[PDB]
Structures are given as structure tokens and as C-alpha cells.
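Data block below; observations after.
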Amino acid sequence: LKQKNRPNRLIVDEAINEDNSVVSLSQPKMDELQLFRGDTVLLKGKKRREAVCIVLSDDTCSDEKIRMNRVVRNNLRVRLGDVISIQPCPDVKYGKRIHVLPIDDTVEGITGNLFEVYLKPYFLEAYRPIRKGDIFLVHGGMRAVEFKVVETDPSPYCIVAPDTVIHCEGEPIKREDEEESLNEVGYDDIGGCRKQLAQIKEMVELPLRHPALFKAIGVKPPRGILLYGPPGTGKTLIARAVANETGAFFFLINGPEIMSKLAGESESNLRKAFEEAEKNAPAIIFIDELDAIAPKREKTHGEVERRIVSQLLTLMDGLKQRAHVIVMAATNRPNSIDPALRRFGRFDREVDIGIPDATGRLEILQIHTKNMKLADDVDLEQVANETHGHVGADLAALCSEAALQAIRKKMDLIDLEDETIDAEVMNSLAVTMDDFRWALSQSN
Amino acid sequence: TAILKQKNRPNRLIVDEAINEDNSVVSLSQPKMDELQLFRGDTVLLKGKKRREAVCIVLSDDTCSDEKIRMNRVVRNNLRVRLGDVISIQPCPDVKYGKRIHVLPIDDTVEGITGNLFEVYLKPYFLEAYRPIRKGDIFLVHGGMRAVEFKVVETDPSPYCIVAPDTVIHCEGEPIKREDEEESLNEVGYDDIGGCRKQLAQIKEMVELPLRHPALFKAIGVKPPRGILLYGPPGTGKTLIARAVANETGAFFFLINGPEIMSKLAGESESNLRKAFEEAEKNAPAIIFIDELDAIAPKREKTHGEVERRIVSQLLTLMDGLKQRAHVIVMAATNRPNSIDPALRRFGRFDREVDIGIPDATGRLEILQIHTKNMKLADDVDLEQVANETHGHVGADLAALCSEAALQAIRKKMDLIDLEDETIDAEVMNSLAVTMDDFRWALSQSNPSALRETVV
Ligand SMILES: Nc1ncnc2c1ncn2[C@@H]1O[C@H](COP(=O)(O)OP(=O)(O)OP(O)(O)=S)[C@@H](O)[C@H]1O
Ligand SMILES: Nc1ncnc2c1ncn2[C@@H]1O[C@H](COP(=O)(O)OP(=O)(O)OP(O)(O)=S)[C@@H](O)[C@H]1O
Ligand SMILES: [Mg+2]
Ligand SMILES: [Mg+2]
């Protein structure tokens, strides 16, 4: 399952100084996709991100490419070189009302009126298409303020007409809250697991997306997929990626969380989870750390704990064949799970999330340093070759330790008591190959 | 002995085709109608598989053989029978004019523009026709340039009536899901169990026969055993048999799931058990099936909980509480028979056993035919050769093998399928078939290959 060439799949190309509402295509491409000048289009990027734009022709734009500015790439969670999908969006209505909020670090200090100084001049007679979850930057006077679209009516996208009511009242959105959102886990955040991600897409995503395919040939797909492997191999990471990437409804069940609940409450929450997924099908239930709620019925010295395992088995069996629900699970102790849960029609398929090789280790090292300030002498392939037996969690800690050693090297220019860290200390900070070699030497 | 085989009776006929025939009409030969005292236009009751019924009008037919009954696809579909199957026919004189009927469309036949369902479809279909209909009937109607499938949801009188001019036809409500009816159509019957001919006979003689004909046992002066335990290794079709019995039996059927009872609160587990036996008693003749008995009734030694011992005591009291006039038979299943409390296996409790074991080559072929009947097979697929290469496999292993062959066939087309597409390419869909190569691949992928060693 690799990405297929389709006429509406295009490579993200730059458009410096371009308006936030505009994407550019070549004329022959627009002709092919039956797209006309001014048409409203729907763009799809990574981690289920969407953007609504106006399409314009461009003779400097290659057929296979789409030009878009930084703000739009940021909304689609894509980089230059990435592939997006484009489709016509004819059903977009004039907005009745929209609610936007400023990002807190762009509104620090003197303000004036956000609507009058920023939003009114930005939207004025422009008829901008916008989507809930859009981030956009506006210049007003001598200042820049970043806004988030929090709600639209109609939802989740509309055109901001002259009659659209623009709301900007409320407590500003925290930069840190949106940073966590921007850097939510995607499939690109999982390294050294290419074959496993393919197994998961074919056993989980494919039957939920295309149940016609399986009915056609006359096969019922397996409904229980167990990910197994040693600690820190990225089982929970994969759960998070699936959560953020899937077209289906996703309900996470945390083993320890259910087991922390009162007697009766543990079983109740389990029932509530399966009910919610059924109602919202197609759906994925992920039961993380399955061994916590479902150990061998021998290794249980409590009535409630045996009761909980019975509850899960009944819920698995209770998933009638028309429910369009797939249950995923993860464990670092697969031999410790009750054998009854691994029977036909339950968790009958398995995915080994194991120890990565040298190439996989390099993938993980690239992922965890992508937002890290690296010096030019840093050779990550050489780091990859020196970390045999390491899993993804060991490699994350190694990168962290190199970084902390880099900070430790400047504690003779840093005073803890200071209100502010010295600017040159801040701007010069980089992790060296020496910091990595030190981290490699410090060890498990 | 598998001696309970289907007997030749005058009203038992072989299902034969009637292309272009009306949904309300069945055809018999004249001598057959004479024999059964059936006249032209008489209303008849047809009985098929899985307790399915159909009410039709009978007409004579000189092209129809004496031993056969002609019926169209819609009627066969309602009786859950194929060409070649046997059905029973009987006069149905007590059928009254309906006061009201409620029908609902199937959702994939009503996608898009509609008009008026009653006016365009149902009124012209029923108009002056005096059609007999039964609750649970599925029928197709042509109206304008379109076809819409309907389900009879309720009749008054229930469960069948004649749709007269004065019968009120209701078609309001949310359309019935095709998937939901597909689940119903393919509910488990005895034909869905392969490699268990002798065991199905044991079950019919120990369960069905005493519930159906308690006079037979009273006459000879014998009390039939009331506790039947099915045992055998994982995936041999014990739960499958429970489902088949549930759908085939003339008795009331109450399922008790072991794990389900054990998932309940203290006190609630025992309460549900009492409720199950009470419900079956009230609705006798009845079958109680306790699936996975070992879950609720392990050896009173292997219990480190007061409630779990309490639950076993509860079951024993309920078994003993079944007085000899209750006309209730308790079936159970387990893959751990040695792990059940010995007290439950005493006289007058679970004192009879049925070994649901490992099938032989011929049994395996039966299972392979059942699980591929709704599967698109290429012509090179030799299921007998598959049967001969799956020694040590049980029914569950054969189901997984068939699934894996099909999934491999889909996997072979992932270079023509994009995950992100809204629709799968039509020619990819229409050409999809499972090959003998897909099966050979599946046979090589294995706890098949690792399983042929085991049972020699
Ligand atoms: N394949 C991977 N690619 C990139 N980072 C990884 C990978 N595996 C682990 N990591 C990093 O290590 C962290 C911890 O990994 P988790 O996914 O929580 O481990 P896990 O496999 O769920 O371990 P258990 O069994 O819960 S102790 C992740 O948040 C990642 O930052
Ligand atoms: N004798 C059989 N004939 C046809 N299909 C079978 C047979 N046995 C098993 N199967 C298939 O395998 C599936 C699982 O069988 P079950 O009846 O659930 O197994 P079981 O004997 O109840 O296993 P345990 O003991 O609960 S683990 C069924 O739904 C069928 O699809
Ligand atoms: Mg984890
Ligand atoms: Mg079973």
C-alpha cells in the first residue's frame, strides 16, 4: 500500500507573497479536473487536515504541482514536496456567523480593536473561504496578530460575506496549546515500522473505508488486531498516529485507566466505549496495554478483575458482523493475556512492533531531531550505526540527553535566578556530535 | 446412528423453478393437488429452512412433476431454500382479510429520487390482487423505471393475512438496512454445520425429539435425559451448533453466555441465571443453552472467590429445580470438560455428552463448501484438494484459511486500489476472484502447515 498516482494528487510548491485564500494550478491541470477560475476547492493534507481555497490558473506552475503559501501549508500540515489532494467544493454557503480567537503571544500589550484594526480590513469585500481550525496571520497598523477559526455556521466551512457576523470575543488561545496540536502525531512520526504500518492500513483502515471490496470477494475481515513487542517500540505512538490519521471514529481505551476505576465502574466504562464506537461506526477501538485489563484468568486474585476480563470477552463477541468496528490493542506482555481473547473472531491477528534495524533507527533519529537545533557536524547515520539494540524510546532519550548536555555546557553563562536567559546564549544553542557522543557513552 | 434422515411424505416437494412467476403463486401438478385435497386458488402454507414460512396461492400445472413445486426466486428467498431443496406444503384456510399492514423499503433500493412509494409501487402491486403476505416477507416491486424491495414488518391479523381493498398499507418509517437483512438471510442453520452429521443426529434425538414428541417417551415409559454437554477443542463449531439450534428449533430458546454472566455484579450473576431458567420454564417446551459452561461452573476447588462458588451452587440448584414436567432441556458447551465441577455431571444433570471433535477429510470438504458458498471462486479452485491438505484443521482453522485466501486476492489488487479513493474501480470489483494460487499461498501461510503434524 504505497501512494498511488491520481489526477487530483499534486506536489506542494511554493507561492511567496500569495494570499491565504488562493492556490495556483497549471491551466491543463484545471482543464483535466474540470476546475474554472474562481472555483472554491477543498484541499486535503496530512492528519485529516483540510483547507478551503480559491483556485487560479498559473502558467509558471507545473501540471503535477500546486502553489500555496506558508499559511495554507501550515493548515494542511504539509511541507514543500508533500502530496495533497484537490477537489471541487461547490456546496460552500455564505457564513451566518464565525468565531475567531487571537493567539496570546501576538496580542501581548496594547490592542486597540481586533475586529476594526485587523479582521474587518482582512475580510472586507473579499468573500474569503475559511474552515474551522484554520490559523491565519493579519497585518493591522504596525503589528501582526494570528487568529484561529474556532467555529463557523455553516460548519465546518463557509464564505465570509459582508453579512457574516465575525466574533472575536473570548480568552485568547494559548500558543502552547496550538503547538501541541500542530505537532500531533502522524504516520510520518513513526520510523522503522514501514511494514507494520502497511499491515495496519490493510487490516484496519481498508475494511473500514472500503467494505464493498470485502463483500464483493465474499470475505469477512478480521476484527481484532493485537500489536505486540517490547517496551518503547512505538505501540502507543502508532495508536496516536492512527487516532489522528484515520477517517473513522476513534475511541481509545487505556488499560491502567479502566483498572483505576471503582468496582462496577471499570465494566461500565468498557461497555460505554464499545457502545460509543458502534453508534459512531465506522469506528476503531484501541485498547492500549490490554494485559492490564485482560490477564490470564489464573493470574487473577480478585473477583472484580476476573469480572472485567469476562466483560471484555462479552463485548468482543457482542460486536455483530455488521457493526463496522475494528478493535486494535497493544501489549508488551502478549503471553500474559487470557488465551480466550486470542481465539477466532476476537484478537486473531497480530502485528509485531519489534526492534528496529540500522535504517529504521536512522528514521527514528531524523523524526526526533527534526525540531531540534543541530550543528553541521552531527552525523545521524553514524549515530544510527552505534545504537544497536536501541528501540524508539531509547533513541528519543538519547536525543534528549544530547540536547540537555548542550544546555549543561552553558550553565556557566546561565544564572537560574535570572528573569531572562541571555539572548546570544539562546540564539547560539545547538547540539553537537560531541554532545551525541557523550550521550552515546552515557548509557543503557 | 445418523438414522433421523428426512422422510418421504406426500406434502414434501422438491423446489423447482418458475421464471417470471408472480410472488403470490406456487404451482403443483394436478394429481398432487388431488392427493393433498388442494383446489385452484386455495391459500397454502409453505415451510422451508430456519423456521421460515410463506403463504401463497396454489395453481395446477401440467408441466410440473408430481413430486415438485414451482416457485419464483422471491418465494425461495423467503423460505430460505434453493432449487433442489425440500419444502412442506399444507392448506391454509384460516387466513383473514388484513386490517392493516406495515412494510418498509430496503435502503439501497430507495437511494435518491423517490416520488410516492405507496402510489407508484405498493398500490399497483396490491391493487385488487388479494395477495397473501407474511410478516418477514421480502418482495420486489417495479414502479415506473425503477425497482424497490420491501419488507413486511407487521400484519394485523399477525403473522399473515390477505391484502384486501380495505387493508390499510403503511410504508412510513426509516428504511431497513440491506446489511441488517443480509445478516438475517445468512443466519446460521444446520446446513451451515459441516463434518458433524452424527453429532447433529445425537442432538436431534436427545433435544428436539423429546421436546417435539413427549408422548413417544411416555408411551414406552422413559424419562429422557435433560442435560446435554457438547465438548471438544477450540473452533470445532460448538457455538455454531448453538446458533443453528436457536434458529432451527420449534422450541423456545434461551442462550446463556458463560463470560456474560461472569461479567455481572455480585448477586446479578446468580439473578440472571435464575431469570434464564424461569423464562424457559414459563415458555416451555424450551431449550436453555449454556455456552462456555466452564466459565460459570469450574471445580469448586479451582475457585478463589466466594461469589464464584456461590454461582456454581446457583446453577446446580437450578438444574435440580427443573421438575420432571417442565419440558426443558439444558444444553451446554465447553472446550475444557475436565475442568467442570463433577457435581454438574451427575445423574439427572449434565449426564449425556456429545463429542464435537476434529473433522476428517470429507468433513473438512463440507466445511470448505459452506464457507466459500458466498465467496467468489475461480474455476481452478479444487476444494477437495484443499480438504486433503488441511489435516488437523478444525472448522475455525478452515474459515480463517478461506478468509486468508480471499484477503490475499484483495492484496493482489493493491496496485489498482488507492486507499484515499471514494469508490473502488468497477473492473477491479467485478473481476475479483479467489484463485487456487491464493489458496495455495494461504495453505503455506500457517497454523495450517504447523497443524497437519498434530492429529496423526
Ligand atoms: N518507531 C518509533 N518512531 C519514532 N519514535 C518512537 C518510536 N518508538 C518509540 N518512539 C519514541 O518513544 C516514545 C515512547 O514510545 P511508546 O509508543 O509510548 O512505546 P510503547 O511501544 O507503547 O511502549 P510500552 O509497551 O507502552 S512500555 C514515543 O512517544 C516516541 O517519542
Ligand atoms: N463444524 C463446522 N462447520 C462449519 N463451520 C465451522 C465448524 N466449526 C467451526 N466453524 C467456523 O468457525 C467459526 C468458529 O466456530 P465456533 O462454533 O465459535 O467454535 P467453538 O467450537 O464454539 O470454539 P470455542 O470452543 O468457543 S474457542 C464458526 O463461526 C464457523 O464459521
Ligand atoms: Mg505504550
Ligand atoms: Mg464457542
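Here, A, B, ... name the chains of the C-alpha cells in the order displayed, residue numbers run from 1 inside each chain, and ligands are numbered from 1 in the same displayed order.
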
Notebook entry, point to check: Would you list which chain A residues are within 8 Å of chain B using only C-alpha atoms, as a PyMOL selection string?
Noted result: chain A and resi 1+3-4+206+209-210+213-214+216-221+264+267+301-303+306-311+313-314+321-322+343-344

Margin query: At a cut-off of 8 Å and counting only C-alpha atoms and all ligand atoms, what residues surround ligand 4? Please answer as a ChimeraX atom specification.
Written below: /B:234-235,237-240,291-292,333-334

Give me, as an mmCIF file with N, CA, C and O atoms, in the first residue's frame, all polymer residues having an atom no more than 6 Å from region 246-261 of chain A, counting only C-alpha atoms and skipping those fewer than 4 positions away in the same chain.
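Dumped everything to part.cif:
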data_model
loop_
_atom_site.group_PDB
_atom_site.id
_atom_site.type_symbol
_atom_site.label_atom_id
_atom_site.label_comp_id
_atom_site.auth_asym_id
_atom_site.auth_seq_id
_atom_site.Cartn_x
_atom_site.Cartn_y
_atom_site.Cartn_z
ATOM 1 N N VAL A 242 -2.693 6.641 14.361
ATOM 2 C CA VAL A 242 -3.965 6.139 13.835
ATOM 3 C C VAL A 242 -5.120 7.065 14.232
ATOM 4 O O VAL A 242 -5.922 7.451 13.381
ATOM 5 N N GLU A 265 -17.569 0.309 37.912
ATOM 6 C CA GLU A 265 -17.241 1.422 37.019
ATOM 7 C C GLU A 265 -16.312 0.991 35.882
ATOM 8 O O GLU A 265 -16.424 1.489 34.761
ATOM 9 N N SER A 266 -15.402 0.065 36.180
ATOM 10 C CA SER A 266 -14.465 -0.454 35.191
ATOM 11 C C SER A 266 -15.205 -1.137 34.041
ATOM 12 O O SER A 266 -14.911 -0.878 32.875
ATOM 13 N N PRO A 282 -18.428 3.880 10.797
ATOM 14 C CA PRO A 282 -17.199 3.095 11.001
ATOM 15 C C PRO A 282 -16.353 3.627 12.155
ATOM 16 O O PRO A 282 -16.176 4.843 12.284
ATOM 17 N N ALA A 283 -15.839 2.720 12.983
ATOM 18 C CA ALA A 283 -15.076 3.107 14.165
ATOM 19 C C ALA A 283 -13.950 2.141 14.527
ATOM 20 O O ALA A 283 -14.029 0.931 14.274
ATOM 21 N N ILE A 284 -12.908 2.709 15.121
ATOM 22 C CA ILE A 284 -11.789 1.966 15.680
ATOM 23 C C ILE A 284 -11.808 2.115 17.196
ATOM 24 O O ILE A 284 -11.882 3.223 17.730
ATOM 25 N N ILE A 285 -11.773 0.982 17.883
ATOM 26 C CA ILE A 285 -11.492 0.966 19.304
ATOM 27 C C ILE A 285 -10.048 0.506 19.455
ATOM 28 O O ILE A 285 -9.672 -0.541 18.937
ATOM 29 N N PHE A 286 -9.245 1.297 20.158
ATOM 30 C CA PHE A 286 -7.891 0.901 20.505
ATOM 31 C C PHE A 286 -7.822 0.670 22.011
ATOM 32 O O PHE A 286 -8.069 1.584 22.796
ATOM 33 N N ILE A 287 -7.502 -0.558 22.403
ATOM 34 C CA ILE A 287 -7.314 -0.880 23.817
ATOM 35 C C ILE A 287 -5.820 -0.945 24.133
ATOM 36 O O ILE A 287 -5.173 -1.963 23.903
ATOM 37 N N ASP A 288 -5.272 0.154 24.647
ATOM 38 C CA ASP A 288 -3.836 0.219 24.916
ATOM 39 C C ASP A 288 -3.507 -0.493 26.223
ATOM 40 O O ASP A 288 -4.247 -0.383 27.195
ATOM 41 N N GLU A 289 -2.397 -1.229 26.225
ATOM 42 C CA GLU A 289 -1.986 -2.055 27.367
ATOM 43 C C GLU A 289 -3.069 -3.054 27.793
ATOM 44 O O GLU A 289 -3.550 -3.036 28.932
ATOM 45 N N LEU A 290 -3.431 -3.926 26.856
ATOM 46 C CA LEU A 290 -4.512 -4.906 27.038
ATOM 47 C C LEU A 290 -4.298 -5.833 28.233
ATOM 48 O O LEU A 290 -5.255 -6.176 28.932
ATOM 49 N N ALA A 292 -3.333 -5.271 31.048
ATOM 50 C CA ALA A 292 -3.784 -4.662 32.298
ATOM 51 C C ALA A 292 -5.215 -5.072 32.654
ATOM 52 O O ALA A 292 -5.517 -5.320 33.817
ATOM 53 N N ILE A 293 -6.086 -5.135 31.648
ATOM 54 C CA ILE A 293 -7.498 -5.450 31.867
ATOM 55 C C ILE A 293 -7.836 -6.911 31.572
ATOM 56 O O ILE A 293 -8.911 -7.383 31.938
#

Checklist line | Close residues, residue 291 (chain A) itself excluded, 8 Å, only C-alpha atoms, min 6 positions apart in chain, as a ChimeraX atom specification | finding: /A:255,331,333-334,336-337

Checklist line | 10 Å shell around ligand 3 using only C-alpha atoms and all ligand atoms, listed as number ranges by chain | finding: A: 230-239, 254, 288-289, 330-332

Note to self: Could you go through region 66-253 of chain B and tell me which residues DSSP, when run on the backbone, assigns to strand (DSSP E or B), listing them as a ChimeraX atom specification?
What the structure shows: /B:68-71,86-91,97,100-106,131-134,138-143,146-156,160-163,168-170,176,227-231,252-253

Filtering to C-alpha atoms, could you give me those residues as a PDB file, in the first residue's frame?
ATOM      1  CA  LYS B  68     -42.153 -30.950  -7.360  1.00  0.00           C
ATOM      2  CA  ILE B  69     -43.281 -27.394  -6.569  1.00  0.00           C
ATOM      3  CA  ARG B  70     -42.642 -24.432  -8.863  1.00  0.00           C
ATOM      4  CA  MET B  71     -41.851 -21.082  -7.196  1.00  0.00           C
ATOM      5  CA  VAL B  86     -37.400 -29.834   0.007  1.00  0.00           C
ATOM      6  CA  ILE B  87     -40.268 -27.805   1.475  1.00  0.00           C
ATOM      7  CA  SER B  88     -43.580 -28.723   3.083  1.00  0.00           C
ATOM      8  CA  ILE B  89     -46.970 -27.547   1.789  1.00  0.00           C
ATOM      9  CA  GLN B  90     -50.267 -27.523   3.693  1.00  0.00           C
ATOM     10  CA  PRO B  91     -53.704 -25.930   3.234  1.00  0.00           C
ATOM     11  CA  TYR B  97     -58.510 -10.014   5.300  1.00  0.00           C
ATOM     12  CA  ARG B 100     -53.557  -3.027   8.251  1.00  0.00           C
ATOM     13  CA  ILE B 101     -50.051  -3.965   7.135  1.00  0.00           C
ATOM     14  CA  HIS B 102     -46.707  -2.249   7.642  1.00  0.00           C
ATOM     15  CA  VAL B 103     -43.942  -2.513   5.051  1.00  0.00           C
ATOM     16  CA  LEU B 104     -40.581  -0.762   4.783  1.00  0.00           C
ATOM     17  CA  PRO B 105     -38.218  -0.232   1.833  1.00  0.00           C
ATOM     18  CA  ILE B 106     -34.667  -1.590   1.752  1.00  0.00           C
ATOM     19  CA  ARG B 131     -52.285 -11.133  -2.145  1.00  0.00           C
ATOM     20  CA  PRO B 132     -51.478 -13.335   0.851  1.00  0.00           C
ATOM     21  CA  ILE B 133     -48.458 -11.976   2.759  1.00  0.00           C
ATOM     22  CA  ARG B 134     -46.479 -12.887   5.885  1.00  0.00           C
ATOM     23  CA  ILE B 138     -39.212  -9.595   1.307  1.00  0.00           C
ATOM     24  CA  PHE B 139     -40.658  -8.685  -2.105  1.00  0.00           C
ATOM     25  CA  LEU B 140     -39.576  -6.620  -5.129  1.00  0.00           C
ATOM     26  CA  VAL B 141     -41.880  -4.158  -6.908  1.00  0.00           C
ATOM     27  CA  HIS B 142     -41.490  -2.445 -10.291  1.00  0.00           C
ATOM     28  CA  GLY B 143     -42.840   1.107 -10.462  1.00  0.00           C
ATOM     29  CA  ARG B 146     -37.328   1.518 -11.013  1.00  0.00           C
ATOM     30  CA  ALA B 147     -37.300  -1.427  -8.598  1.00  0.00           C
ATOM     31  CA  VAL B 148     -37.835  -1.180  -4.825  1.00  0.00           C
ATOM     32  CA  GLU B 149     -37.576  -4.027  -2.342  1.00  0.00           C
ATOM     33  CA  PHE B 150     -39.970  -4.081   0.613  1.00  0.00           C
ATOM     34  CA  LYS B 151     -40.123  -5.926   3.915  1.00  0.00           C
ATOM     35  CA  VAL B 152     -43.351  -6.828   5.684  1.00  0.00           C
ATOM     36  CA  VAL B 153     -42.698  -5.596   9.240  1.00  0.00           C
ATOM     37  CA  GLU B 154     -46.147  -6.192  10.748  1.00  0.00           C
ATOM     38  CA  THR B 155     -49.564  -7.548   9.779  1.00  0.00           C
ATOM     39  CA  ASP B 156     -52.900  -7.440  11.601  1.00  0.00           C
ATOM     40  CA  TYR B 160     -50.216 -13.402   7.910  1.00  0.00           C
ATOM     41  CA  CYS B 161     -53.257 -12.018   6.114  1.00  0.00           C
ATOM     42  CA  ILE B 162     -54.750 -11.178   2.727  1.00  0.00           C
ATOM     43  CA  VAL B 163     -54.212  -7.636   1.423  1.00  0.00           C
ATOM     44  CA  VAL B 168     -54.504  -0.094   5.150  1.00  0.00           C
ATOM     45  CA  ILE B 169     -50.952  -0.208   3.769  1.00  0.00           C
ATOM     46  CA  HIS B 170     -48.340   1.606   5.877  1.00  0.00           C
ATOM     47  CA  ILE B 176     -34.443  -1.155   6.597  1.00  0.00           C
ATOM     48  CA  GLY B 227     -28.652 -32.226  30.364  1.00  0.00           C
ATOM     49  CA  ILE B 228     -26.547 -32.476  27.216  1.00  0.00           C
ATOM     50  CA  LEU B 229     -22.920 -31.316  27.207  1.00  0.00           C
ATOM     51  CA  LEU B 230     -21.172 -30.607  23.912  1.00  0.00           C
ATOM     52  CA  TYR B 231     -17.398 -30.844  24.320  1.00  0.00           C
ATOM     53  CA  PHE B 252     -38.290 -21.547  22.862  1.00  0.00           C
ATOM     54  CA  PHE B 253     -34.530 -20.974  23.045  1.00  0.00           C
TER      55      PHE B 253
END

Margin query: Give me, as an MDAnalysis selection string, all polymer residues having an atom no more than 8 Å from region 154-158 of chain A, counting only C-alpha atoms and skipping those fewer than 3 positions away in the same chain.
Written below: chainID A and resid 52 92:96 129:132 151

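Take CA of residue 127 (chain A) and CA of residue 20 (chain A): the distance between them is 12.2 Å.
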
Next item on the list: Identify, on the basis of only C-alpha atoms, every residue whose closest approach to residue 337 (chain B) does not exceed 12 Å; exclude the query and any residue fewer than 4 positions from it along the same chain; express the result as a ChimeraX atom specification.
Entry: /B:229-234,292-295,297-299,332-333,341-342,344-345,350,353-356

Margin query: So that I can check the secondary structure, give me every residue of region 144-190 of chain A assigned helix (DSSP H, G or I) by backbone DSSP, as a list in words.
Written below: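 Filtering region 144-190 of chain A to helix (DSSP H, G or I) leaves residues 175, 176, 177, 178, 179, 180, 181, 182, 187, 188 and 189 of chain A.
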
Next item on the list: With a distance cut-off of 8 Å and only C-alpha atoms, select the neighbouring residues of residue 224 (chain B), excluding the residue or stretch itself and same-chain residues fewer than 3 positions from it, and output the selection as a ChimeraX atom specification.
Entry: /B:206,210,217

Item checked: Option closest in space to ligand 2, from A:180, A:422, A:348, A:19 [counting only C-alpha atoms and all ligand atoms] -> A:348

Report as a Markdown table: every residue of chain A with an atom at most 10 Å from ligand 2, its closest pair of atoms, and their distance in Å to one decimal, counting only C-alpha atoms and all ligand atoms, with rows sorted by chain and ascending residue number.
| residue | atom | partner | partner_atom_place_in_ligand_line | distance |
| --- | --- | --- | --- | --- |
| A:317 | CA | ligand 2 | 18 (O) | 9.8 |
| A:339 | CA | ligand 2 | 27 (S) | 9.2 |
| A:340 | CA | ligand 2 | 27 (S) | 6.8 |
| A:341 | CA | ligand 2 | 27 (S) | 9.3 |
| A:342 | CA | ligand 2 | 27 (S) | 9.0 |
| A:343 | CA | ligand 2 | 27 (S) | 5.7 |
| A:344 | CA | ligand 2 | 14 (C) | 6.1 |
| A:345 | CA | ligand 2 | 14 (C) | 7.3 |
| A:346 | CA | ligand 2 | 27 (S) | 10.0 |

Grab the residues selected above and save them as a tab-separated table (two decimals), in the first residue's frame with C-alpha atoms.
chain	number	residue	atom	x	y	z
A	317	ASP	CA	-18.37	-11.26	20.98
A	339	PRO	CA	-5.97	-17.19	25.73
A	340	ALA	CA	-9.75	-16.80	25.24
A	341	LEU	CA	-9.18	-13.26	23.90
A	342	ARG	CA	-6.92	-14.67	21.17
A	343	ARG	CA	-9.49	-17.10	19.73
A	344	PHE	CA	-11.14	-16.91	16.28
A	345	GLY	CA	-13.24	-13.76	15.80
A	346	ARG	CA	-11.59	-11.94	18.69

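For the residues A:241, A:149, A:426, A:327, ranking by smallest atom-to-atom distance to ligand 1 using only C-alpha atoms and all ligand atoms places A:241 first.
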
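Candidate residues A:358, A:312, A:364, A:42 were compared for distance to ligand 1, and the nearest is A:364, using only C-alpha atoms and all ligand atoms.
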